[PDB]
Structure formats: C-alpha cells, structure tokens
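Below sits a lone chain in structure tokens, taken as the form solved without the partner chain.
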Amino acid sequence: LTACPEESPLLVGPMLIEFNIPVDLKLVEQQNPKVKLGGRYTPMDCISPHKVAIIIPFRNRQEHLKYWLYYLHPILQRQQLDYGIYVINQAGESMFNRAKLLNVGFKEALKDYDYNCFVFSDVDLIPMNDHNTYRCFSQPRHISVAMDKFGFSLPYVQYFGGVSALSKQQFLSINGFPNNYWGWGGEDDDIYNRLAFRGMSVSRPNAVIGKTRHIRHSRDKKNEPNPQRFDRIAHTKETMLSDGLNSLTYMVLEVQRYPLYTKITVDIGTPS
C-alpha cells in the first residue's frame, strides 16, 4: 500500500442533513459492511497516518446517537480515516460531566489501540460537508465552527465546544480536560484556556466547509447550568495541572461492543 492522499478522491462535498428520516441501526450496519465490530474502520487501499478515536459523551441520548451513526460512518470512511467510535456512558443520576467523560474516552480508547488523534464530539452534531476532516492537525482543531444554531458562524472566537480534535501529544500537553466541571457550561472555555496557556493556537476550517447541524433538543435533567463555571474559568491556569488526566479517577462498570460503536458505561463519581 501507500500513504493516503492529502485529499480523498471519495469526498462529495455539501450534504443534505436532516433528522426526520426513519433510521435503523440494523440498516446503518447493513449500509456500512466495512465497519468492523466496535465501530472500527481502516482504509483498505491506503495507509492512513491518522489513527482517530472519536469520543462521544453520553447519557440518555440513544435517538441522537442513532442519527449520528447514520451520518458519520459513511462520512468518516470517505475521509479515509483509521477510526473507532467510543460512546462513554455516564452511569448514575448525578450531575452530568461532559469533560470527565471525554477524559475517560481518551484513556480507555488508548487501552484498545494506539490512537494518535482524538476527536471529541457531542452526540448531536453532524457535519454538512465531508471536507471537514475529523482528524488532528499541527494545532488543536475545532471542528463544529459554523453550527446552524449559531447562524452558521462562531458565537465567539474562543468557542471550543461541540466537536474538536487534539492529537495525543496536544491532549497530554494540557493535562487533558478538567474533571471538576459538573453540569452544563464553561468546560469548553476552560479547555480553550488550557490550549492558550500551553502556547497552542486553535486551527479551524473555513465557515463554508465547517457548517454543521445541531439536533434541536431540550435540556436533559441533571445537566443544569453550573453556577460555579465562571469562577473556575477564571482560575484555569492554576487548576489545569491539579485537575485533569493526572487526577482522573473512575470505574468502568460495563463495556459493550456493538457493530457500530463501543459503549463504555462508567462511574465517574459525584460533585463535591
């Protein structure tokens, strides 16, 4: 074989993305016969330099996930990526912790395969153009840059929520993500602070190819706005070495290897 071309000959460009169509995981599996157990795929005729673990924070979002899988699997294959899908399921009924779930996905995926790239994607984001490559770059990559719920633009230049990608070294560089953000908000801003403090710039595709759709939804119970988030963002420079990968504690309760993804149910503790 040889290295995969910088531009895949499979890309179609702009895509029609909607969430009313009846989707079936059996059908999705049937439509993607090259997707191996656990949501793993590898280009047959070229060597992908990108070994990407796609981490999805999850609790009670099976319907959103079904649409995510339905759209992403064809897209990711056309992008000629050596990838695997990881759905990190938070057990219990405590406050939701998006960032801690992402940390779990990082460590757990590394236990399966020597990934060198990590895409962190919300379960409800779908790219509208397959040129928006779900891989890592020389700088930390922000992927969901032109979401429809933000009028197809950035709400602010520091916005790092939604979908993003850090290489293994980039991720380790900032001691990963915080674990102390319980509830909604601020954890993405905190992560942006970490990248800045370690001297990294954010890489983004243009607003045209970075158009993504957000599945409109109501707030999940136990994901209410965190009142402490403002203070924590203020002190990111102090806490990023005391809160992250080096302080991550969790308990894997269950692992399930579905055809289209690996589901890891974890106990990540409670707020304090």
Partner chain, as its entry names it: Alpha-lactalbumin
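Positions refer to the first chain, counted from 1.
The next section is about a form of this same protein that is not shown, the form deposited with the partner chain bound.
Chemist: So in the deposited bound form, does residue 150 come within 4.5 Å of the partner chain, heavy atom to heavy atom?
Modeler: Result yes; residue 150 sits at the interface with the partner chain in the deposited bound form.
Chemist: State yes or no: in the deposited bound form, is some non-hydrogen atom of residue 224 no more than 4.5 angstroms from a non-hydrogen atom of the partner chain?
Modeler: Close contact exists here: in the deposited bound form, residue 224 approaches the partner chain to within 4.5 Å, heavy atoms only.
Chemist: Should residue 171 be counted as a contact of the partner chain in the deposited bound form, where contact means heavy atoms within 4.5 Å?
Modeler: No, residue 171 stays farther than 4.5 Å from the partner chain in the deposited bound form.
Chemist: Does residue 189 reach the partner chain in the deposited bound form if we count a contact as any heavy atom within 4.5 Å?
Modeler: So residue 189 counts as contacting the partner chain.
Chemist: Judged by heavy atoms and a 4.5 Å cut-off, are 158, 216 and 233 together in contact with the partner chain in the deposited bound form?
Modeler: Yes, because 158, 216 and 233 each have a heavy atom that approaches the partner chain to within 4.5 Å in the deposited bound form.
Chemist: Just one of 109-117, 123-131, 150-158, 72-80 has heavy atoms within 4.5 Å of the partner chain in the deposited bound form; which?
Modeler: Going by heavy atoms within 4.5 Å, the stretch is 150-158.
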